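Trainee: PDB entry and its sequence, pasted below:
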Amino acid sequence: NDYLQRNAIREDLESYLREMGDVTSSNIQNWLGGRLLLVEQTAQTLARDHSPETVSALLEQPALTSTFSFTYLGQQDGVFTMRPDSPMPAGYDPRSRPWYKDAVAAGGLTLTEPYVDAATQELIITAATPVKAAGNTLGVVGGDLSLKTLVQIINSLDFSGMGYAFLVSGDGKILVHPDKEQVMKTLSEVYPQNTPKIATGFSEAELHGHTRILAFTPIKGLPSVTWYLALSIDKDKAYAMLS
Ligand code: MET
């Protein structure tokens, strides 16, 4: 019976994809979490000493400079200190920036979606948290992460060559993707006819002439964002490999 045999293969494949999605989501959760905690650790150290000499020395520590492209403190009065050095664009105010507002609105450590960096005019992600001292908010510490770095973490596993992983918001906005052309596009723009639904377990759709299976796994431990790890699998390839 071809129907029972088809369902037998599909259930085995979905079981495997569920397993790959869980571990990859765990992996990016732990990776982002360490970056978040490093930013949190930096803020609480600054909360008890934020003199210019100390701010500079702390941001230059190699645990920070080797982890983030840049680490910085934007203060409540608008003053901005960033390491490593970078030329500054005219009219910059850290308080108007997405990372600063997101941290303040979150009331704690959070991650931005990709936004246009003020200096490089390129997309960047930022781990950010307020600096709190006796209820006062003195500012926000941010740590910048390249989207390429996140693509590499979620694609550490090759998924037996069946496909690839990307990140998507609960709103359907593609945040990081191996194809740079799909970054910040929505699932509806990428799949206009039969759009995959995040809530549904496994969706089938057509991309570039081939049927693909999509599966979305929530990423836990990310305060104030609802992001999913998405697997995009070549359907014909997966069914053939699993006989
Ligand atoms: C001064 S630009 C670099 C800091 C941060 N990524 C921003 O765009 O605001």
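Mentor: Done, it's in. Numbers count the residues shown, from 1 in each chain.
Trainee: alpha carbons only for contacts and neighbour counts from here, please
Mentor: Will do.
Trainee: ok, and the closest non-adjacent residue to residue 178?
Mentor: Residue nearest to residue 178 in three dimensions, not counting chain neighbours: residue 151, with 6.3 Å by C-alpha to C-alpha, 6 or more residues apart in numbering.
Trainee: okay but residue 110 is in contact with residue 222, surely?
Mentor: Yes - under the criterion of C-alpha atoms under 8 Å, residue 110 makes contact with residue 222 at 6.9 Å.
Trainee: which of those two has more neighbours?
Mentor: Remark: of residue 110 and residue 222, residue 110 carries more neighbours, 26 against 17, as counted by other C-alpha atoms under 10 Å.
Trainee: Spit out the contact partners of that one.
Mentor: By C-alpha atoms under 8 Å, 6 or more residues apart in numbering, the contact set of residue 110 is 36, 102-103, 127-129, 222-225.
Trainee: burial of residue 38, as a residue count?
Mentor: 16.
Trainee: contacting residues for it?
Mentor: Applying C-alpha under 8 Å, 6+ apart, the residues near residue 38 are residue 64.
Trainee: Please tell me how far it sits from residue 174.
Mentor: 26 Å (C-alpha to C-alpha, to the nearest Å).
Trainee: gap between the residue of the chain found nearest the ligand and residue 108?
Mentor: Closest contact between the chain and the ligand, by C-alpha to the nearest ligand atom, is at residue 117 (3.6 Å). According to C-alpha to C-alpha, residue 117 stands 22 Å off from residue 108.
Trainee: again, but for residue 68
Mentor: For residue 68, the distance to residue 108 - C-alpha to C-alpha - is 19 Å.
Trainee: Looking at those two, which is more packed in?
Mentor: When neighbours are counted by other C-alpha under 10 Å, residue 68 and residue 108 differ, and residue 68 comes out ahead with 20 against 17.
Trainee: Secondary structure element holding the more buried one?
Mentor: For residue 68, there is no helix or strand it lies in under DSSP states H and E.
Trainee: contacting residues for it?
Mentor: Applying C-alpha under 8 Å, 6+ apart to residue 68 gives the contacts 143-145.
Trainee: mind checking the backbone torsions on it?
Mentor: The phi and psi values for residue 68, taken as degrees, to the nearest 10, are phi -110, psi 150.
Trainee: Contact partners for the residue nearest to residue 178?
Mentor: Taking C-alpha under 8 Å, 6+ apart, one finds 165-166, 176-178 in contact with residue 151.
Trainee: which of those has the most neighbours?
Mentor: Using other C-alpha under 10 Å as the neighbour test, the contacts of residue 151 are led by residue 165, with 29 neighbours.
Trainee: one step back: can you count the residues close to the residue of the chain closest to the ligand?
Mentor: 15.
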